Amino acid sequence: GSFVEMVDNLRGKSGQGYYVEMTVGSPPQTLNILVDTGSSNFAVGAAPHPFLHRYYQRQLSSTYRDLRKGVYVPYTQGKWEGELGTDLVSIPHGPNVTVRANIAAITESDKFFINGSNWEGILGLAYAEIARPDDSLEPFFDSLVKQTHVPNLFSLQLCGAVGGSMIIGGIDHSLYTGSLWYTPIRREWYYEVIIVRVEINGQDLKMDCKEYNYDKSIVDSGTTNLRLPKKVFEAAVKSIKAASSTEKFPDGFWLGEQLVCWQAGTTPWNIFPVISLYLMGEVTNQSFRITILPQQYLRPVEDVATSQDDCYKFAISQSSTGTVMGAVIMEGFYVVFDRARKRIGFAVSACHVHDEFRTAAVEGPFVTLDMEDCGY
Ligand SMILES: COc1ccc([C@@]2(c3cccc(-c4cncnc4)c3)CCC(N)=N2)cc1
């Protein structure tokens, strides 16, 4: 069960996350599980639901242990509730190991599961500090590291159309090209990082760098969009509207509320600007940038009914809880969650986005002498 078995172990549907096959219980029950760097619970559907193909049946698992403790999680988009226990867990196309881990058996939920997403649970890969009900509930990756000899690192290569790879324990050098650039993990809760500069077609947004990270910035495979604090979002939208002015779109497009469509194969990519996010480097006032093409931030919406055309949602939206570098930002980068060294590395992925004019990039180094601290 080494890296060379772990490649192409992820699948997905656009806008609905990326999932990996896992088993829970004894005999193993196979479940598809969303890979979520934005949370820290292993939480699996454990009762029937209109949107679940299958669910964890605790009664059929000999090795299940009830912890006699409930968990209730209301969050922005929805809610879920369940019962805590432990059981044996493996990742068939992941490391060749079986561990005993905490499992939240989801017994009731509202707008948590998605119709036709093909996943039945979430694997929260962030740290204990944001586990529910509290930080005493050891996250899965912590249990994995403790119980096996797996190195304390994983990587995600997410690809647009979807699929990709989660490599646990090391770095698969066949999954990226060029250099890996690291940004520090600021605090171990979410995967919190610091953005030092934003450019839109090379034009600096010219804001105090604290605004980019009000009130935190995170790398979150469980969020589709690039989410930006209000001030930054409004400035970004003004610049992208300015760059793309040869065409005018309804306000609903800018709000993520409606599609823009063009005749099949005629999307005018080159009227849309590239977005550069400069991330704090590992040494003082050094940074690197990751560049995001419109092929990333205009997310295609597959629909047989609209298929004479190519249609997209604007996958950048306003946030009141900080910046979220979601799946559209991670797509086409090889992203290394180097927990052992408290850092996230970015490199150009095997499935990077490009046309004949422009390519997604990871480039550095950059220096800024006149710098304050960019964190809140
Ligand atoms: C432990 O409680 C939660 C609450 C919310 C989540 C969440 C989540 C919950 C359900 C579905 C999705 C999701 C939906 N669409 C696409 N990707 C992920 C995402 C919200 C934010 C994030 N990173 N994960 C995960 C665990």
# chains A, B, ... in the order shown; residues from 1 in each chain; ligands from 1

call {"tool": "residues_near_ligand", "arguments": {"ligand": "ligand 1", "cutoff": "9 Å", "atoms": "only C-alpha atoms and all ligand atoms", "output": "ChimeraX atom specification"}}
result
/A:13-18,34-43,72-80,104,111-114,117,121-124,130-133,220-225,326-327

call {"tool": "write_last_selection", "arguments": {"atoms": "C-alpha atoms", "output": "tab-separated table (two decimals), in the first residue's frame"}}
result
chain	number	residue	atom	x	y	z
A	13	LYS	CA	-18.35	15.81	-8.66
A	14	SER	CA	-17.67	19.47	-9.42
A	15	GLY	CA	-18.70	21.71	-6.50
A	16	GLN	CA	-19.37	18.71	-4.23
A	17	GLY	CA	-15.93	17.90	-2.95
A	18	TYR	CA	-13.45	15.08	-3.33
A	34	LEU	CA	-15.08	13.50	1.65
A	35	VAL	CA	-11.49	14.62	2.32
A	36	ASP	CA	-11.86	17.77	4.39
A	37	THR	CA	-8.89	19.87	5.52
A	38	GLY	CA	-11.40	22.37	6.99
A	39	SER	CA	-12.65	20.18	9.85
A	40	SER	CA	-11.40	17.56	12.30
A	41	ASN	CA	-14.11	14.97	12.86
A	42	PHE	CA	-14.49	11.60	11.21
A	43	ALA	CA	-18.31	11.79	10.84
A	72	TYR	CA	-24.53	18.32	17.84
A	73	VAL	CA	-23.00	20.52	15.12
A	74	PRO	CA	-24.85	23.49	13.68
A	75	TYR	CA	-22.65	25.35	11.17
A	76	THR	CA	-23.31	28.05	8.57
A	77	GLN	CA	-24.77	25.99	5.70
A	78	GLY	CA	-26.52	23.28	7.77
A	79	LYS	CA	-26.33	20.89	10.73
A	80	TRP	CA	-25.77	17.35	11.86
A	104	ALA	CA	-19.27	10.24	14.91
A	111	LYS	CA	-28.43	20.23	4.32
A	112	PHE	CA	-25.29	18.26	5.17
A	113	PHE	CA	-25.54	15.48	2.61
A	114	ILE	CA	-25.79	16.42	-1.06
A	117	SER	CA	-22.54	13.58	-4.46
A	121	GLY	CA	-19.24	10.87	5.42
A	122	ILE	CA	-16.45	13.39	6.05
A	123	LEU	CA	-12.84	12.82	7.03
A	124	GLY	CA	-11.79	16.00	8.87
A	130	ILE	CA	-11.56	22.42	16.19
A	131	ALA	CA	-12.89	18.86	16.75
A	132	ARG	CA	-16.49	18.65	18.04
A	133	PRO	CA	-17.68	18.55	20.78
A	220	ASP	CA	-9.80	24.04	2.95
A	221	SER	CA	-10.47	21.12	0.61
A	222	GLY	CA	-14.07	21.02	2.05
A	223	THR	CA	-14.94	24.43	0.59
A	224	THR	CA	-15.45	24.77	-3.13
A	225	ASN	CA	-14.82	28.50	-3.61
A	326	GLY	CA	-10.96	26.14	-1.27
A	327	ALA	CA	-10.94	23.39	-3.84

call {"tool": "residues_around", "arguments": {"residues": "stretch 351-359 of chain A", "least_positions_apart": "2", "cutoff": "9 Å", "atoms": "only C-alpha atoms", "output": "list in words"}}
result
residues 157, 158, 159, 160, 164, 175, 176, 269, 270, 274, 291, 292, 293, 295, 296, 331, 332, 333, 334, 348, 349 and 361 of chain A

call {"tool": "select_by_dssp", "arguments": {"residues": "stretch 52-275 of chain A", "states": "strand (DSSP E)", "output": "short mmCIF file (atom, residue, chain, number, x, y, z; two decimals) with N, CA, C and O atoms, in the first residue's frame"}}
result
data_model
loop_
_atom_site.label_atom_id
_atom_site.label_comp_id
_atom_site.auth_asym_id
_atom_site.auth_seq_id
_atom_site.Cartn_x
_atom_site.Cartn_y
_atom_site.Cartn_z
N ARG A 65 -17.36 0.34 19.39
CA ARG A 65 -17.52 0.68 20.81
C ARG A 65 -18.25 2.01 20.98
O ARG A 65 -17.79 3.04 20.49
N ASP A 66 -19.36 1.99 21.69
CA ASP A 66 -20.12 3.20 22.01
C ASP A 66 -19.39 4.02 23.09
O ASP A 66 -18.90 3.45 24.07
N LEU A 67 -19.24 5.33 22.87
CA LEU A 67 -18.63 6.23 23.88
C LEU A 67 -19.66 6.90 24.81
O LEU A 67 -19.29 7.67 25.70
N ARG A 68 -20.94 6.64 24.57
CA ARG A 68 -22.00 7.17 25.43
C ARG A 68 -21.94 8.71 25.53
O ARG A 68 -21.98 9.30 26.61
N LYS A 69 -21.83 9.35 24.37
CA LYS A 69 -21.69 10.79 24.29
C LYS A 69 -22.19 11.23 22.93
O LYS A 69 -21.75 10.69 21.92
N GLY A 70 -23.11 12.19 22.91
CA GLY A 70 -23.68 12.72 21.67
C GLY A 70 -22.87 13.90 21.19
O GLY A 70 -22.02 14.39 21.91
N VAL A 71 -23.11 14.33 19.96
CA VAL A 71 -22.45 15.50 19.40
C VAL A 71 -23.48 16.21 18.49
O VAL A 71 -24.21 15.56 17.79
N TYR A 72 -23.55 17.53 18.57
CA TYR A 72 -24.53 18.32 17.84
C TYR A 72 -23.78 19.46 17.18
O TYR A 72 -23.16 20.25 17.87
N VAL A 73 -23.82 19.54 15.85
CA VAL A 73 -23.00 20.52 15.12
C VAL A 73 -23.81 21.35 14.12
O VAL A 73 -24.01 20.95 12.96
N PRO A 74 -24.31 22.49 14.59
CA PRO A 74 -24.85 23.49 13.68
C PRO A 74 -23.68 24.32 13.13
O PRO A 74 -22.78 24.70 13.89
N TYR A 75 -23.67 24.54 11.83
CA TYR A 75 -22.65 25.35 11.17
C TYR A 75 -23.38 26.19 10.13
O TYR A 75 -24.61 26.09 9.99
N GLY A 78 -25.67 24.40 7.36
CA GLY A 78 -26.52 23.28 7.77
C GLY A 78 -26.22 22.75 9.17
O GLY A 78 -25.65 23.46 10.00
N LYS A 79 -26.61 21.51 9.43
CA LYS A 79 -26.33 20.89 10.73
C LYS A 79 -26.37 19.40 10.67
O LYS A 79 -27.00 18.81 9.76
N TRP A 80 -25.71 18.80 11.65
CA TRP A 80 -25.77 17.35 11.86
C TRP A 80 -25.65 17.06 13.33
O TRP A 80 -25.20 17.89 14.13
N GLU A 81 -26.03 15.84 13.68
CA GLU A 81 -26.04 15.40 15.05
C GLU A 81 -25.76 13.90 15.02
O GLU A 81 -26.12 13.23 14.05
N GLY A 82 -25.14 13.38 16.06
CA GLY A 82 -24.86 11.95 16.10
C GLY A 82 -24.34 11.46 17.43
O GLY A 82 -24.36 12.16 18.42
N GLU A 83 -23.82 10.25 17.39
CA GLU A 83 -23.33 9.58 18.57
C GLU A 83 -21.87 9.22 18.35
O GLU A 83 -21.51 8.70 17.29
N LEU A 84 -21.07 9.46 19.37
CA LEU A 84 -19.65 9.15 19.32
C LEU A 84 -19.37 7.70 19.70
O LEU A 84 -20.03 7.11 20.59
N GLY A 85 -18.42 7.11 18.99
CA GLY A 85 -17.94 5.77 19.32
C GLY A 85 -16.57 5.59 18.69
O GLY A 85 -16.02 6.55 18.15
N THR A 86 -16.02 4.37 18.77
CA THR A 86 -14.79 4.05 18.06
C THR A 86 -14.98 2.73 17.32
O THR A 86 -15.90 1.95 17.63
N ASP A 87 -14.15 2.50 16.31
CA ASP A 87 -14.25 1.28 15.53
C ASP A 87 -12.99 1.21 14.68
O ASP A 87 -12.19 2.16 14.66
N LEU A 88 -12.81 0.10 13.98
CA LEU A 88 -11.64 -0.05 13.12
C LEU A 88 -11.87 0.60 11.76
O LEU A 88 -12.96 0.52 11.20
N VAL A 89 -10.84 1.25 11.25
CA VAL A 89 -10.99 2.06 10.04
C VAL A 89 -9.79 1.77 9.14
O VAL A 89 -8.67 1.65 9.63
N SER A 90 -10.03 1.61 7.84
CA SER A 90 -8.91 1.53 6.91
C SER A 90 -9.19 2.36 5.66
O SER A 90 -10.34 2.77 5.42
N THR A 98 -4.65 -0.66 9.43
CA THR A 98 -5.96 -0.57 10.03
C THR A 98 -5.76 0.04 11.40
O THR A 98 -4.88 -0.38 12.14
N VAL A 99 -6.54 1.06 11.72
CA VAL A 99 -6.42 1.74 13.00
C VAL A 99 -7.78 1.79 13.65
O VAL A 99 -8.81 1.65 12.98
N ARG A 100 -7.76 1.96 14.97
CA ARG A 100 -8.95 2.20 15.74
C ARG A 100 -9.04 3.72 15.86
O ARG A 100 -8.09 4.37 16.31
N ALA A 101 -10.19 4.26 15.45
CA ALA A 101 -10.41 5.71 15.43
C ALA A 101 -11.80 6.11 15.95
O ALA A 101 -12.78 5.32 15.89
N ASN A 102 -11.87 7.34 16.45
CA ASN A 102 -13.16 7.96 16.73
C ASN A 102 -14.04 8.08 15.50
O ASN A 102 -13.57 8.44 14.40
N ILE A 103 -15.33 7.78 15.69
CA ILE A 103 -16.31 7.91 14.63
C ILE A 103 -17.56 8.54 15.22
O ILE A 103 -18.10 8.06 16.22
N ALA A 104 -18.03 9.60 14.56
CA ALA A 104 -19.27 10.24 14.91
C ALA A 104 -20.31 9.65 13.98
O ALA A 104 -20.25 9.82 12.75
N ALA A 105 -21.22 8.88 14.57
CA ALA A 105 -22.32 8.28 13.81
C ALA A 105 -23.43 9.30 13.64
O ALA A 105 -24.16 9.58 14.59
N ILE A 106 -23.56 9.85 12.43
CA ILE A 106 -24.56 10.85 12.12
C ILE A 106 -25.98 10.24 12.07
O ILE A 106 -26.30 9.44 11.18
N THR A 107 -26.82 10.64 13.00
CA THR A 107 -28.16 10.06 13.08
C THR A 107 -29.22 10.97 12.53
O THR A 107 -30.28 10.52 12.11
N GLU A 108 -28.93 12.26 12.51
CA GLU A 108 -29.83 13.25 11.93
C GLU A 108 -29.02 14.41 11.33
O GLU A 108 -27.98 14.76 11.87
N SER A 109 -29.51 14.99 10.24
CA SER A 109 -28.79 16.11 9.60
C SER A 109 -29.71 16.95 8.72
O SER A 109 -30.76 16.48 8.28
N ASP A 110 -29.29 18.19 8.44
CA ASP A 110 -30.05 19.13 7.63
C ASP A 110 -29.07 19.83 6.70
O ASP A 110 -28.16 20.51 7.16
N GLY A 121 -19.88 10.45 4.20
CA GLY A 121 -19.24 10.87 5.42
C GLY A 121 -18.13 11.86 5.13
O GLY A 121 -17.87 12.17 3.97
N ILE A 122 -17.54 12.39 6.18
CA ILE A 122 -16.45 13.39 6.05
C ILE A 122 -15.25 12.95 6.87
O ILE A 122 -15.42 12.50 8.00
N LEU A 123 -14.05 13.06 6.30
CA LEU A 123 -12.84 12.82 7.03
C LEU A 123 -12.16 14.18 7.31
O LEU A 123 -11.53 14.76 6.41
N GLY A 124 -12.36 14.70 8.52
CA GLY A 124 -11.79 16.00 8.87
C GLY A 124 -10.31 15.80 9.18
O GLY A 124 -9.95 15.09 10.15
N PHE A 154 0.58 14.51 4.93
CA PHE A 154 -0.16 14.01 3.77
C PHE A 154 -0.19 15.05 2.64
O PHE A 154 0.04 16.25 2.88
N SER A 155 -0.51 14.60 1.43
CA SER A 155 -0.61 15.54 0.33
C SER A 155 -1.87 15.31 -0.46
O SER A 155 -2.37 14.20 -0.52
N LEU A 156 -2.39 16.39 -1.03
CA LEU A 156 -3.55 16.36 -1.89
C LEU A 156 -3.27 16.89 -3.29
O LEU A 156 -2.76 18.01 -3.47
N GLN A 157 -3.60 16.07 -4.28
CA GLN A 157 -3.56 16.53 -5.66
C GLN A 157 -4.94 16.47 -6.20
O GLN A 157 -5.43 15.39 -6.63
N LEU A 158 -5.63 17.61 -6.12
CA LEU A 158 -6.98 17.66 -6.63
C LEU A 158 -7.04 18.08 -8.08
O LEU A 158 -6.38 19.03 -8.47
N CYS A 159 -7.87 17.41 -8.87
CA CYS A 159 -7.93 17.72 -10.29
C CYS A 159 -9.33 18.12 -10.75
O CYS A 159 -10.31 17.53 -10.33
N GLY A 163 -11.34 14.02 -10.20
CA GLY A 163 -10.56 13.04 -9.44
C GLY A 163 -9.26 13.62 -8.90
O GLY A 163 -9.09 14.84 -8.85
N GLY A 164 -8.35 12.74 -8.49
CA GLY A 164 -7.03 13.16 -8.01
C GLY A 164 -6.47 12.19 -6.99
O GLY A 164 -6.91 11.04 -6.94
N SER A 165 -5.51 12.64 -6.18
CA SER A 165 -4.83 11.74 -5.24
C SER A 165 -4.65 12.32 -3.84
O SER A 165 -4.36 13.50 -3.67
N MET A 166 -4.81 11.47 -2.84
CA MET A 166 -4.36 11.76 -1.47
C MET A 166 -3.28 10.76 -1.12
O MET A 166 -3.53 9.53 -1.09
N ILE A 167 -2.08 11.27 -0.88
CA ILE A 167 -0.91 10.44 -0.56
C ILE A 167 -0.60 10.63 0.91
O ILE A 167 -0.32 11.74 1.33
N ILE A 168 -0.63 9.57 1.69
CA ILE A 168 -0.43 9.72 3.13
C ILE A 168 0.96 9.21 3.50
O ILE A 168 1.37 8.11 3.08
N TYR A 176 3.99 16.25 -9.16
CA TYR A 176 4.25 17.68 -9.43
C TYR A 176 5.48 17.92 -10.28
O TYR A 176 6.37 17.07 -10.34
N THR A 177 5.56 19.12 -10.85
CA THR A 177 6.80 19.58 -11.52
C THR A 177 7.36 20.87 -10.87
O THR A 177 6.66 21.56 -10.14
N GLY A 178 8.62 21.18 -11.16
CA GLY A 178 9.25 22.37 -10.64
C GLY A 178 9.42 22.27 -9.13
O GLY A 178 9.42 21.17 -8.57
N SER A 179 9.53 23.42 -8.47
CA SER A 179 9.85 23.49 -7.05
C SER A 179 8.62 23.49 -6.13
O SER A 179 7.54 24.01 -6.49
N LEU A 180 8.80 22.93 -4.94
CA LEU A 180 7.81 23.01 -3.87
C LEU A 180 8.14 24.19 -3.00
O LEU A 180 9.23 24.26 -2.44
N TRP A 181 7.19 25.11 -2.86
CA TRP A 181 7.31 26.28 -2.00
C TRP A 181 6.51 26.15 -0.73
O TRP A 181 5.30 25.82 -0.79
N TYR A 182 7.13 26.41 0.42
CA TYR A 182 6.42 26.24 1.69
C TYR A 182 5.99 27.51 2.35
O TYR A 182 6.73 28.48 2.37
N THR A 183 4.78 27.48 2.91
CA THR A 183 4.25 28.56 3.76
C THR A 183 3.97 28.01 5.17
O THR A 183 3.49 26.88 5.33
N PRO A 184 4.31 28.79 6.20
CA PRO A 184 4.15 28.23 7.55
C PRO A 184 2.69 28.02 7.91
O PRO A 184 1.81 28.76 7.44
N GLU A 192 -4.15 27.10 9.09
CA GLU A 192 -4.12 28.56 8.96
C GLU A 192 -2.82 29.03 8.31
O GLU A 192 -1.75 28.59 8.69
N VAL A 193 -2.93 29.89 7.31
CA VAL A 193 -1.72 30.44 6.65
C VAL A 193 -1.90 31.96 6.54
O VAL A 193 -2.93 32.50 6.95
N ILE A 195 -1.58 35.29 3.85
CA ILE A 195 -1.45 35.92 2.55
C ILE A 195 -0.85 37.32 2.73
O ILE A 195 -1.36 38.14 3.49
N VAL A 196 0.26 37.56 2.03
CA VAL A 196 0.96 38.84 2.14
C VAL A 196 0.68 39.86 1.02
O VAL A 196 0.92 41.05 1.21
N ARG A 197 0.14 39.40 -0.12
CA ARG A 197 -0.09 40.26 -1.26
C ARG A 197 -1.07 39.58 -2.21
O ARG A 197 -1.06 38.32 -2.35
N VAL A 198 -1.93 40.40 -2.84
CA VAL A 198 -2.85 39.88 -3.88
C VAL A 198 -2.70 40.74 -5.14
O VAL A 198 -2.70 41.97 -5.06
N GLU A 199 -2.51 40.08 -6.28
CA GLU A 199 -2.52 40.79 -7.56
C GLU A 199 -3.57 40.24 -8.45
O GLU A 199 -3.85 39.03 -8.42
N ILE A 200 -4.12 41.11 -9.30
CA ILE A 200 -5.07 40.68 -10.29
C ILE A 200 -4.54 41.24 -11.60
O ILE A 200 -4.32 42.47 -11.72
N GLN A 203 -1.63 43.56 -11.13
CA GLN A 203 -1.94 44.81 -10.42
C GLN A 203 -2.27 44.48 -8.99
O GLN A 203 -3.29 43.84 -8.70
N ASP A 204 -1.40 44.95 -8.11
CA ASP A 204 -1.55 44.83 -6.65
C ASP A 204 -2.85 45.48 -6.19
O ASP A 204 -3.17 46.58 -6.63
N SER A 217 -6.84 33.08 7.49
CA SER A 217 -6.85 32.47 6.15
C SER A 217 -6.53 30.99 6.30
O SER A 217 -5.59 30.60 7.03
N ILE A 218 -7.30 30.15 5.60
CA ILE A 218 -7.19 28.70 5.73
C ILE A 218 -7.10 28.02 4.37
O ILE A 218 -7.56 28.57 3.35
N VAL A 219 -6.54 26.82 4.35
CA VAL A 219 -6.56 25.99 3.17
C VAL A 219 -7.58 24.89 3.42
O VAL A 219 -7.45 24.12 4.39
N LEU A 226 -12.92 30.02 -3.72
CA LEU A 226 -12.08 30.97 -3.01
C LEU A 226 -13.03 31.94 -2.29
O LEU A 226 -13.87 32.58 -2.94
N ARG A 227 -12.95 31.98 -0.96
CA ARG A 227 -13.79 32.90 -0.17
C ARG A 227 -12.90 34.02 0.36
O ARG A 227 -11.83 33.75 0.86
N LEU A 228 -13.36 35.26 0.23
CA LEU A 228 -12.54 36.44 0.57
C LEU A 228 -13.27 37.37 1.54
O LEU A 228 -14.48 37.56 1.41
N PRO A 229 -12.55 37.94 2.51
CA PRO A 229 -13.22 38.94 3.38
C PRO A 229 -13.83 40.05 2.51
O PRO A 229 -13.25 40.40 1.48
N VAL A 260 -23.09 31.86 -16.08
CA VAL A 260 -22.81 32.45 -17.38
C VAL A 260 -22.48 31.31 -18.34
O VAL A 260 -21.73 30.40 -18.00
N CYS A 261 -23.05 31.37 -19.54
CA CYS A 261 -22.89 30.34 -20.52
C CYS A 261 -22.43 30.92 -21.84
O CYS A 261 -22.81 32.05 -22.20
N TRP A 262 -21.63 30.15 -22.54
CA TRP A 262 -21.19 30.46 -23.89
C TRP A 262 -21.40 29.23 -24.69
O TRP A 262 -21.40 28.11 -24.13
N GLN A 263 -21.54 29.40 -26.00
CA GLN A 263 -21.61 28.27 -26.90
C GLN A 263 -20.43 27.32 -26.65
O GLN A 263 -19.30 27.78 -26.42
N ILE A 275 -5.29 35.60 -11.09
CA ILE A 275 -5.26 36.10 -9.70
C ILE A 275 -3.99 35.53 -9.09
O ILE A 275 -3.78 34.33 -9.16
#

call {"tool": "atom_distance", "arguments": {"atom1": "atom CA of residue A:92", "atom2": "atom CA of residue A:153"}}
result
18.2 Å

call {"tool": "select_by_dssp", "arguments": {"residues": "stretch 92-269 of chain A", "states": "alpha helix (DSSP H)", "output": "list in words"}}
result
residues 140, 141, 142, 143, 144, 145, 146, 147, 230, 231, 232, 233, 234, 235, 236, 237, 238, 239, 240, 241, 242, 243, 251, 252, 253 and 254 of chain A

call {"tool": "write_last_selection", "arguments": {"atoms": "C-alpha atoms", "output": "mmCIF file, in the first residue's frame"}}
result
data_model
loop_
_atom_site.group_PDB
_atom_site.id
_atom_site.type_symbol
_atom_site.label_atom_id
_atom_site.label_comp_id
_atom_site.auth_asym_id
_atom_site.auth_seq_id
_atom_site.Cartn_x
_atom_site.Cartn_y
_atom_site.Cartn_z
ATOM 1 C CA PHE A 140 -8.332 10.443 12.666
ATOM 2 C CA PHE A 141 -4.922 11.490 11.335
ATOM 3 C CA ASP A 142 -3.585 11.844 14.893
ATOM 4 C CA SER A 143 -4.780 8.303 15.678
ATOM 5 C CA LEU A 144 -3.222 7.065 12.418
ATOM 6 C CA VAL A 145 0.206 8.580 13.178
ATOM 7 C CA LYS A 146 0.148 7.338 16.800
ATOM 8 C CA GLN A 147 -0.877 3.789 15.973
ATOM 9 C CA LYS A 230 -15.709 41.624 2.192
ATOM 10 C CA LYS A 231 -13.162 44.397 1.549
ATOM 11 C CA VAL A 232 -10.872 42.101 -0.443
ATOM 12 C CA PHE A 233 -13.848 40.463 -2.283
ATOM 13 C CA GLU A 234 -15.230 43.859 -3.434
ATOM 14 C CA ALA A 235 -11.770 44.963 -4.645
ATOM 15 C CA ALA A 236 -11.193 41.640 -6.438
ATOM 16 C CA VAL A 237 -14.592 41.824 -8.161
ATOM 17 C CA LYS A 238 -13.967 45.447 -9.295
ATOM 18 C CA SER A 239 -10.601 44.393 -10.812
ATOM 19 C CA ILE A 240 -11.990 41.277 -12.567
ATOM 20 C CA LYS A 241 -14.942 43.311 -13.913
ATOM 21 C CA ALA A 242 -12.402 45.914 -15.149
ATOM 22 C CA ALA A 243 -10.206 43.255 -16.842
ATOM 23 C CA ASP A 251 -24.913 41.108 -10.914
ATOM 24 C CA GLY A 252 -26.235 37.613 -10.063
ATOM 25 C CA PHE A 253 -23.158 36.160 -11.732
ATOM 26 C CA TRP A 254 -20.795 38.149 -9.521
#
